[PDB]
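As structure tokens, the structure follows; a few thoughts come after it.
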Amino acid sequence: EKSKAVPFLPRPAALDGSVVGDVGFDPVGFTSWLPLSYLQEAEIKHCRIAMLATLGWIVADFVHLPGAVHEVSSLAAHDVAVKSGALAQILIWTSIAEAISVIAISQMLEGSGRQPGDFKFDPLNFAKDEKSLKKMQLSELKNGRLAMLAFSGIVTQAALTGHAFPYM
Amino acid sequence: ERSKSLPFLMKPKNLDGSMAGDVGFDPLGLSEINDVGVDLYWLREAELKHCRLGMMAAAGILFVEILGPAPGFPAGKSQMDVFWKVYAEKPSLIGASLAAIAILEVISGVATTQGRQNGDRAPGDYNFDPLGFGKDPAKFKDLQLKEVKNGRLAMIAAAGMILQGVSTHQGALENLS
Ligand code: CLA
Ligand SMILES: C/C(C=C=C1C(C)(C)C[C@H](O)C[C@@]1(C)O)=C/C=C/C(C)=C/C=C/C=C(C)/C=C/C=C(/C=C/[C@@]12O[C@]1(C)C[C@@H](O)CC2(C)C)CO
Ligand SMILES: CC(/C=C/C=C(C)/C=C/[C@@]12O[C@]1(C)C[C@@H](O)CC2(C)C)=C\C=C\C=C(C)\C=C\C=C(C)\C=C\[C@@]12O[C@]1(C)C[C@@H](O)CC2(C)C
């Protein structure tokens, strides 16, 4: 009762405390008719994709790969990269990763034990015990949400005003 | 048995004494509506939202007309017509404000319906007391009465300002003198 985020709204009844980044924020009750693991996986995937996208947009408006095709702004880079076939390679490998993801999310939903977003990818450690893993999961979630909102703002401002890296 | 405000009318059944500003002024018996998701809880929440919105709007009109606009913002003293001048030059501000108000209003409606269902939240309550001006009781009732009276007065005032600006196309205090 009385979820932490919205103090005047009831607790979403599906997010008690046992999830990283769980401040009880679900006013429209998306968790009431969708699996929690599915939504967590979708959120983490969005976080990672948008973090990579924000970093790439900002960097590519500064540094360009050698070649005349890579001499466009990130706003206009989509139509150039799709014509050159640059985005085709990313599409192919992302589709391979996403088919393996289809298998992984199916197994997670039907038992297994794989945590949402846990691909066990960890060449370095950066997370030795449970406490470090929880703290870094919270950091990843917060940074990913911030980067999703940041990429949203960057794209909207760049489309509104065709400016360089300062999209004001 | 008779309403305090209207002695020629019987006391409205649903308005005993609880809500701040209750004087029994329900001649049409609207407090007894229990249909289309509308009841005393919904009516009180709507009244409080109207009170707060009217207070904010009246304060904004008076502030802008007396102390002038903020730097970088248009002038004209007609608040119903300066809106189109702001939108003509800063449409993004208006759009962002509208989107924020839309999200907050969706949250407000969800909260109203939930609090009506599992009764734990008083109508118009959003737990918004950052400065702790209404922590203790015996002052909360007085603050509720003050808010309700000021909000009704500002509702009437803001409706008047809207109509005056739409019709006369002049400022509020311009109409005053
Ligand atoms: C969402 C991810 C994403 C997407 C869709 C793109 C898309 C694009 N980038 Mg880009 N970029 C990204 C992230 C991304 N970038 C990141 C994170 C960086 C920082 C290193 C850059 C740095 C960058 C530069 C410097 C340039 C581009 C350019 C371009 C355009 C054409 C060439 C190209 O594909 O990039 C080539 C990308 C690189 C050389 C660096 C990519 C490094 C990756 C993203 C990090 C490692 C992630 C890993 C491989 C994930 C594995 C995927 C899995 C399925 C196997 C194209 C529109 C070029 C352009 O035309 O600019 C307008 C260009 O000059 N990008
Ligand atoms: C279904 C729903 C929402 C909901 C729900 C949920 C989501 C299901 C959740 C719950 O469970 C139930 C329920 C029902 O709550 C309904 C949504 C509400 C609506 C339909 C929104 C309406 C808002 C309209 C407003 C507030 C417009 C005001 C216009 C003004 C104009 C201003 C002007 O300046 C302009 C522009 C020109 C100037 O010249 C002069 C004037 C004219 C003054 C003043 O502001
Ligand atoms: C800034 C913003 C969001 C900021 C979010 C932040 C900081 C989030 C922080 C967190 O996530 C972290 C970091 C960690 C989480 O655990 C906790 C929180 C705290 C939640 C959203 C802006 C959101 C801004 C929005 C939605 C603006 C919308 C504007 C619109 C629609 C206007 C459109 C128009 O103006 C045009 C474009 C042209 C005109 O011609 C037509 C019209 C329509 C007038």
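Residues in the structure tokens are numbered from 1 in each chain, the chains being A, B, ... in the order shown, and ligands are numbered from 1 in the order shown.
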With a cut-off of 7 Å and counting only C-alpha atoms, select all residues of chain B in contact with chain A and give the selection as a VMD selection string.
chain B and resid 107 111 126 to 127
Could you give me, as number ranges by chain, the residues within 12 Å of residue 105 of chain B, counting only C-alpha atoms and dropping anything in the same chain fewer than 6 positions from it?
-> A: 27; B: 46, 49, 97-99, 111-112
Find the residues near residue 20 of chain B: any atom within 6 Å, counting only C-alpha atoms, skip ones fewer than 2 places away on the same chain, and give them as a PDB file with N, CA and C atoms, in the first residue's frame.
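The new file part_20.pdb reads:
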```
ATOM      1  N   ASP B  22     -18.430  23.207   4.217  1.00  0.00           N
ATOM      2  CA  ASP B  22     -19.775  22.641   4.164  1.00  0.00           C
ATOM      3  C   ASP B  22     -20.732  23.553   4.918  1.00  0.00           C
ATOM      4  N   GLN B 144      -7.708  23.704   5.417  1.00  0.00           N
ATOM      5  CA  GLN B 144      -8.650  23.185   4.434  1.00  0.00           C
ATOM      6  C   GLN B 144      -9.766  24.184   4.170  1.00  0.00           C
ATOM      7  N   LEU B 145     -10.303  24.791   5.230  1.00  0.00           N
ATOM      8  CA  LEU B 145     -11.352  25.790   5.059  1.00  0.00           C
ATOM      9  C   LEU B 145     -10.842  26.996   4.280  1.00  0.00           C
TER      10      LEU B 145
END
```
Segment 51-62 of chain B environment, 8 Å, only C-alpha atoms, sequence neighbours closer than 2 positions dropped, as a PyMOL selection string: chain B and resi 47-49+64-66+79+147-148+150-152+154-159+161+172
Contacts of ligand 3, 12 Å or closer, only C-alpha atoms and all ligand atoms, given as a ChimeraX atom specification
/A:5-6,20-25,43,47,137-161 /B:84,86-103
List all protein, DNA and RNA residues that have at least one atom no more than 6 Å from any atom of ligand 2, counting only C-alpha atoms and all ligand atoms, and write them as an mmCIF file with N, CA, C and O atoms, in the first residue's frame.
```cif
data_model
loop_
_atom_site.group_PDB
_atom_site.id
_atom_site.type_symbol
_atom_site.label_atom_id
_atom_site.label_comp_id
_atom_site.auth_asym_id
_atom_site.auth_seq_id
_atom_site.Cartn_x
_atom_site.Cartn_y
_atom_site.Cartn_z
ATOM 1 N N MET B 80 -5.755 36.615 -22.148
ATOM 2 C CA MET B 80 -6.408 35.690 -23.062
ATOM 3 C C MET B 80 -5.884 35.802 -24.485
ATOM 4 O O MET B 80 -6.103 34.885 -25.284
ATOM 5 N N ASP B 81 -5.203 36.899 -24.820
ATOM 6 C CA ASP B 81 -4.635 37.083 -26.146
ATOM 7 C C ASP B 81 -3.120 36.978 -26.178
ATOM 8 O O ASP B 81 -2.558 36.749 -27.254
ATOM 9 N N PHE B 83 -1.540 34.591 -24.858
ATOM 10 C CA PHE B 83 -1.239 33.170 -25.000
ATOM 11 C C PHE B 83 -0.855 32.833 -26.433
ATOM 12 O O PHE B 83 0.074 32.053 -26.671
ATOM 13 N N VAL B 106 -3.693 12.188 -15.820
ATOM 14 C CA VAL B 106 -3.920 10.746 -15.857
ATOM 15 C C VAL B 106 -3.612 10.136 -14.494
ATOM 16 O O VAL B 106 -4.378 9.318 -13.966
ATOM 17 N N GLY B 109 -6.429 11.109 -12.064
ATOM 18 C CA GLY B 109 -7.632 10.310 -12.230
ATOM 19 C C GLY B 109 -7.472 8.901 -11.697
ATOM 20 O O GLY B 109 -8.376 8.365 -11.044
ATOM 21 N N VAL B 110 -6.318 8.281 -11.963
ATOM 22 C CA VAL B 110 -6.063 6.950 -11.422
ATOM 23 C C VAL B 110 -6.090 6.988 -9.899
ATOM 24 O O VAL B 110 -6.702 6.129 -9.253
ATOM 25 N N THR B 113 -9.765 7.411 -8.604
ATOM 26 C CA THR B 113 -10.547 6.179 -8.674
ATOM 27 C C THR B 113 -10.062 5.147 -7.659
ATOM 28 O O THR B 113 -10.877 4.478 -7.011
ATOM 29 N N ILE B 162 -11.531 35.059 -17.654
ATOM 30 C CA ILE B 162 -11.567 34.395 -18.954
ATOM 31 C C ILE B 162 -12.631 35.029 -19.839
ATOM 32 O O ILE B 162 -12.376 35.369 -21.003
#
```
Neighbouring residues of residue 16 of chain B were defined as those with any atom within 12 Å, considering only C-alpha atoms; residues of the same chain fewer than 3 positions away were excluded. Please report them as a JSON list (two decimals) with N, CA, C and O atoms, in the first residue's frame.
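What ended up in around16.json:
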```json
[["chain", "number", "residue", "atom", "x", "y", "z"],
["B", 1, "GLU", "N", -32.01, 19.75, 10.72],
["B", 1, "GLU", "CA", -32.73, 19.16, 9.60],
["B", 1, "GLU", "C", -32.71, 20.09, 8.39],
["B", 1, "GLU", "O", -32.73, 19.63, 7.25],
["B", 2, "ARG", "N", -32.66, 21.39, 8.65],
["B", 2, "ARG", "CA", -32.59, 22.38, 7.58],
["B", 2, "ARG", "C", -31.14, 22.73, 7.30],
["B", 2, "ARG", "O", -30.31, 22.79, 8.21],
["B", 3, "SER", "N", -30.83, 22.96, 6.02],
["B", 3, "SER", "CA", -29.48, 23.33, 5.64],
["B", 3, "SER", "C", -29.12, 24.69, 6.24],
["B", 3, "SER", "O", -29.94, 25.61, 6.28],
["B", 4, "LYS", "N", -27.88, 24.79, 6.73],
["B", 4, "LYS", "CA", -27.44, 26.03, 7.37],
["B", 4, "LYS", "C", -27.45, 27.20, 6.40],
["B", 4, "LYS", "O", -27.89, 28.30, 6.74],
["B", 10, "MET", "N", -34.15, 21.43, 3.26],
["B", 10, "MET", "CA", -33.72, 20.39, 4.18],
["B", 10, "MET", "C", -32.24, 20.07, 3.98],
["B", 10, "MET", "O", -31.66, 20.30, 2.92],
["B", 11, "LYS", "N", -31.63, 19.55, 5.04],
["B", 11, "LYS", "CA", -30.20, 19.28, 5.02],
["B", 11, "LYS", "C", -29.88, 18.23, 3.96],
["B", 11, "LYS", "O", -30.50, 17.16, 3.96],
["B", 12, "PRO", "N", -28.95, 18.50, 3.05],
["B", 12, "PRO", "CA", -28.57, 17.49, 2.06],
["B", 12, "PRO", "C", -27.98, 16.26, 2.73],
["B", 12, "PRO", "O", -27.05, 16.36, 3.53],
["B", 13, "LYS", "N", -28.52, 15.09, 2.38],
["B", 13, "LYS", "CA", -28.25, 13.88, 3.15],
["B", 13, "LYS", "C", -26.77, 13.53, 3.18],
["B", 13, "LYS", "O", -26.24, 13.12, 4.22],
["B", 19, "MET", "N", -16.72, 17.85, 5.26],
["B", 19, "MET", "CA", -15.86, 18.53, 4.31],
["B", 19, "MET", "C", -15.75, 20.01, 4.64],
["B", 19, "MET", "O", -16.72, 20.64, 5.07],
["B", 20, "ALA", "N", -14.56, 20.57, 4.45],
["B", 20, "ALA", "CA", -14.34, 21.98, 4.73],
["B", 20, "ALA", "C", -15.17, 22.84, 3.79],
["B", 20, "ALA", "O", -15.28, 22.55, 2.59],
["B", 21, "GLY", "N", -15.76, 23.90, 4.33],
["B", 21, "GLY", "CA", -16.65, 24.74, 3.56],
["B", 21, "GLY", "C", -18.07, 24.25, 3.47],
["B", 21, "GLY", "O", -18.86, 24.83, 2.72],
["B", 22, "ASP", "N", -18.43, 23.21, 4.22],
["B", 22, "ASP", "CA", -19.77, 22.64, 4.16],
["B", 22, "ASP", "C", -20.73, 23.55, 4.92],
["B", 22, "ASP", "O", -20.62, 23.72, 6.14],
["B", 23, "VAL", "N", -21.68, 24.15, 4.19],
["B", 23, "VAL", "CA", -22.76, 24.92, 4.78],
["B", 23, "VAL", "C", -24.12, 24.41, 4.34],
["B", 23, "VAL", "O", -25.14, 25.05, 4.61],
["B", 24, "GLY", "N", -24.16, 23.25, 3.68],
["B", 24, "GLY", "CA", -25.41, 22.69, 3.21],
["B", 24, "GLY", "C", -25.93, 23.27, 1.92],
["B", 24, "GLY", "O", -27.09, 23.03, 1.58],
["B", 25, "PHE", "N", -25.11, 24.02, 1.18],
["B", 25, "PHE", "CA", -25.55, 24.64, -0.07],
["B", 25, "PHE", "C", -25.50, 23.61, -1.19],
["B", 25, "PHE", "O", -24.56, 23.54, -1.99],
["B", 26, "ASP", "N", -26.53, 22.77, -1.24],
["B", 26, "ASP", "CA", -26.75, 21.84, -2.34],
["B", 26, "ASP", "C", -28.23, 21.86, -2.70],
["B", 26, "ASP", "O", -28.96, 20.89, -2.47],
["B", 31, "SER", "N", -25.09, 16.22, -4.55],
["B", 31, "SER", "CA", -24.27, 15.35, -3.72],
["B", 31, "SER", "C", -24.81, 13.93, -3.64],
["B", 31, "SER", "O", -24.08, 13.03, -3.23],
["B", 40, "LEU", "N", -20.07, 11.74, -4.28],
["B", 40, "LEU", "CA", -19.58, 12.84, -3.47],
["B", 40, "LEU", "C", -18.06, 12.91, -3.50],
["B", 40, "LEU", "O", -17.48, 14.01, -3.50]]
```
Margin query: Please return as a ChimeraX atom specification the residues found within 6 Å of ligand 1, counting only C-alpha atoms and all ligand atoms.
Written below: /A:49,52-53,55-56,59-60,63-65,70,72-74,77-78,81,86-87,93-94,97
Residues of the last selection are to be written out with N, CA and C atoms, as a short mmCIF file (atom, residue, chain, number, x, y, z; two decimals), in the first residue's frame.
```
data_model
loop_
_atom_site.label_atom_id
_atom_site.label_comp_id
_atom_site.auth_asym_id
_atom_site.auth_seq_id
_atom_site.Cartn_x
_atom_site.Cartn_y
_atom_site.Cartn_z
N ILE A 49 20.20 -0.39 -25.41
CA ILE A 49 20.13 0.09 -26.78
C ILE A 49 20.24 1.61 -26.80
N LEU A 52 23.81 2.94 -25.90
CA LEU A 52 24.67 2.86 -27.07
C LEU A 52 24.28 3.91 -28.11
N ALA A 53 22.98 4.13 -28.29
CA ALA A 53 22.51 5.06 -29.31
C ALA A 53 22.87 6.50 -28.97
N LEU A 55 25.35 7.53 -26.98
CA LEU A 55 26.79 7.68 -27.12
C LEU A 55 27.19 7.76 -28.59
N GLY A 56 26.60 6.92 -29.43
CA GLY A 56 26.93 6.93 -30.84
C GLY A 56 26.51 8.20 -31.55
N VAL A 59 28.91 10.98 -30.37
CA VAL A 59 30.28 10.79 -30.86
C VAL A 59 30.35 11.01 -32.37
N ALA A 60 29.42 10.40 -33.12
CA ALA A 60 29.41 10.54 -34.57
C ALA A 60 29.13 11.97 -35.01
N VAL A 63 33.22 12.79 -34.29
CA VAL A 63 34.24 12.01 -34.98
C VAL A 63 33.57 11.21 -36.09
N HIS A 64 34.18 11.21 -37.27
CA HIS A 64 33.67 10.50 -38.43
C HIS A 64 34.67 9.43 -38.86
N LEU A 65 34.15 8.28 -39.27
CA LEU A 65 35.00 7.26 -39.86
C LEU A 65 35.54 7.77 -41.20
N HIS A 70 30.67 8.68 -44.54
CA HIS A 70 30.58 8.97 -43.11
C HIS A 70 30.70 10.46 -42.80
N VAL A 72 28.26 12.86 -42.82
CA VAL A 72 26.92 13.42 -42.63
C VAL A 72 26.63 13.48 -41.14
N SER A 73 25.68 14.35 -40.79
CA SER A 73 25.25 14.44 -39.41
C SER A 73 24.46 13.20 -39.01
N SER A 74 24.41 12.94 -37.70
CA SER A 74 23.69 11.77 -37.20
C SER A 74 22.22 11.83 -37.56
N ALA A 77 22.24 10.62 -41.02
CA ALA A 77 23.06 9.44 -41.23
C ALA A 77 22.24 8.19 -41.50
N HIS A 78 20.97 8.16 -41.10
CA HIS A 78 20.17 6.96 -41.30
C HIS A 78 19.94 6.67 -42.78
N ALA A 81 23.42 5.63 -44.31
CA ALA A 81 23.90 4.33 -43.88
C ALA A 81 23.05 3.19 -44.44
N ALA A 86 25.50 -0.07 -44.55
CA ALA A 86 26.11 -0.10 -43.23
C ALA A 86 25.13 -0.59 -42.18
N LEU A 87 23.88 -0.13 -42.25
CA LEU A 87 22.87 -0.57 -41.29
C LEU A 87 22.41 -2.00 -41.55
N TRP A 93 23.37 -8.81 -37.63
CA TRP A 93 23.92 -9.31 -36.37
C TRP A 93 22.97 -9.08 -35.20
N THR A 94 22.24 -7.96 -35.22
CA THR A 94 21.22 -7.73 -34.20
C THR A 94 20.10 -8.75 -34.30
N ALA A 97 21.41 -11.93 -32.70
CA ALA A 97 21.37 -11.77 -31.25
C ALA A 97 19.94 -11.82 -30.73
#
```
List every residue of segment 67-161 of chain A that DSSP, applied to the backbone of this structure, assigns to alpha helix (DSSP H), and report them as a PyMOL selection string.
chain A and resi 77-84+86-109+130-160
